[PDB]
Ligand SMILES: O=C(O)[C@H]1[C@H]2C[C@H]2CN1C(=O)Cc1ccsc1
């Protein structure tokens, strides 16, 4: 029942500062422009201890499956090869990505009927709001 309130299909309804977040992470111009237009569907499911998070969009489809606290390999939508660990901290899913001596954290939170995604790289934060599809 660990992530019951996250489970479901969610659609992006608003974004703030995502272009700047992508710049901070290292994404190049053309990818930022195409990726920034996307309105992904985020689909979260749980089977036993395995959580799956899919992102589906016209830009790229991604899927990750993981156990909380157990590191895994991820290829991000912008083609970074990262080492990721996702934990639950006070009801927030905290996703840390490490690569090339850098780090970024993506937090996913249930707030009212929304799922709020906050992405941070050094001083740069982006907030992405999702609603039920
Ligand atoms: O899933 C989302 O809303 C946002 C936010 C969680 C981060 C990554 N993300 C994406 O969309 C995927 C992406 C696009 C270009 S680089 C990476």
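Any read-out appearing in this document is the output of simple, stated calculations on the displayed coordinates, not a laboratory observation. Every residue, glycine among them, receives a Cβ derived from its backbone with ideal geometry; neighbour counts consider all protein chains shown.
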Along the three principal axes, how long is the chain when you take its alpha carbons, biggest first, rounded to the nearest angstrom? 41, 31, 26
Residue of 77, 38, 30 that the Gaussian network model of the chain assigns the largest fluctuation, springs spanning Cα pairs under 10 Å: 30
At residue 62 and residue 125, where each label point lies 7 Å from the Cα along Cα→Cβ, what is the point-to-point distance in nanometres? 2.0 nm
Below 8 Å between Cα atoms, with a sequence gap of 6+, how large is the relative contact order for the stretch 4-129 in percent? 23 percent
